[PDB]
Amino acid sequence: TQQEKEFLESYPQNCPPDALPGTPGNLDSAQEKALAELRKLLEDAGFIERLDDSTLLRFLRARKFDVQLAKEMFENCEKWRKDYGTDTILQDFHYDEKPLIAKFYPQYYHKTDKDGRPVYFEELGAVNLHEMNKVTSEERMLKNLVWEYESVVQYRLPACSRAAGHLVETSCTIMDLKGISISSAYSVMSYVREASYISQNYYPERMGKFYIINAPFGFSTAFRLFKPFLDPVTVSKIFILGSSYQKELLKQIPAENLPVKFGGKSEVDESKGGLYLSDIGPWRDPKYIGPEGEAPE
């Protein structure tokens, strides 16, 4: 492609050798063969974009390296990208409402975890859709979600990879449940369902860690009891914490990267409405920004 080539060699392309098998740089024989035949099948069908190792290995991992199922998942994704306009969302969609409604559903990226992943924060427990729907719609909240996803893929992950010295394909999510009720949980359920559907089918294998904090007692207790029955890959990725989550977060995120309100030392200018409207991280550092240029605001 010659633009993509330049871009792909501008950040580290191998995962650390202790990552899960089937990740870039960690391929078994016939995990290399499955990658090759998936590519030629997508080429024979006329696809020319997003045929890099990282991308195709995510679709393969999501289908246990069943090549035909991974191909069908990829084709389904490209069809959604065309119907939804995803390839041009960064230029077409403008979430001008965000300063008005961010406080009614706080969502923000902030710095990185110890593995180099960008950290994504979601204060779901504070959600107030009754006030949000005075100004925006669920449809526009989802466009904004995909807008941010495209910005993670095009800008944040390449910069995080450079800052980390190795390929970074995934994020660390912190979802704060402080404040949910049964009522507000039902009110946010449709958005969460659509978001999760988009994530799993169109962004497979992008979830690296997922921490729920300030979980209600019954919710946290259910997880405590059934942990022994989750596959050990899942149990190293999902954490359901109650009120005392700070020490657990600090095992995964450097204290100088974790916001103070969650037990860390990272501070933003609260006068510029900083945390809820900030986007601080290696992707805002010129020494980690490559030929793609800096991510938009």
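Note that residue numbering follows the sequence shown and begins at 1. Just so we're on the same page, rigid core means the largest C-alpha set that superposes within 1.5 Å between forms.
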Check: Which of these two stretches, 228-236 or 48-56, has the larger RMS Cα offset in 8 other deposited structures of this protein when the rigid core is kept aligned?
Finding: 228-236
Notebook entry, point to check: in 8 other deposited structures of this protein, superposed on the rigid core, which stretch sits farther off in Cα RMS terms, 118-126 or 164-172?
Noted result: 118-126
Notebook entry, point to check: Averaging C-alpha B-factors over each stretch, which comes out higher, 34-42 or 260-268?
Noted result: 34-42
Next item on the list: Averaging the C-alpha B factors as listed in the entry, name the stretch that ends up higher: 19-27 or 277-285.
Entry: 19-27
Notebook entry, point to check: Which one, 176, 92, 115, 169, has the peak C-alpha temperature factor per the PDB entry?
Noted result: 92
Check: Which listed residue, 217, 109, 203, 74, has the largest C-alpha temperature factor in the record?
Finding: 74
Check: Which third of the chain holds residue 123 when residues are ordered by C-alpha B factor: lowest, middle or highest?
Finding: lowest
Item checked: Third assignment of residue 246 from its chain's C-alpha B-factors -> middle
Item checked: Relative C-alpha B-factor of residue 212, binned into the chain's lowest, middle or highest third -> lowest
Note to self: Could you place residue 88 in the lowest, middle or highest third of its chain by Cα temperature factor, using the values in the record?
What the structure shows: highest
Next item on the list: Determine, from the deposited record, the chain-internal third of the Cα B-factor for residue 160: lowest, middle or highest.
Entry: lowest
